[PDB]
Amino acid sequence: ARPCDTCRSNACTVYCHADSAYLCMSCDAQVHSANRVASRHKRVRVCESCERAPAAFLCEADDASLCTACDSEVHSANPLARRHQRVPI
């Protein structure tokens, strides 16, 4: 999986595109609270499946946010899984 890029000790939970880095939540809240410009970064969640990527879709049934690839892969497996209605972040 992926370690947090500010502190390499935790695992990343979020992705900031502007900073182009994947963070854990304490780093996330630290880094973008520092100033009013970091404050206006917009940050999306890392995939809860692969953990190495940013999430394109949310699923309520899977209660998860996943990459395009992993979103497609989770709901590829079953007609059952395919029927899940996913929505973008």
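The numbering used is simple: start at 1 and walk along the sequence shown.
For the pair 53-61 and 34-42, the record assigns the higher mean C-alpha temperature factor to 34-42. In the PDB entry, a CA B factor belonging to the lowest third of its chain's modelled residues is recorded for residue 13.
In this PDB entry, the Cα temperature factor of residue 87 sits in the middle third of its chain's modelled residues.
Remark: residue 66 belongs to the middle third of its chain, ranked by C-alpha B-factor as recorded.
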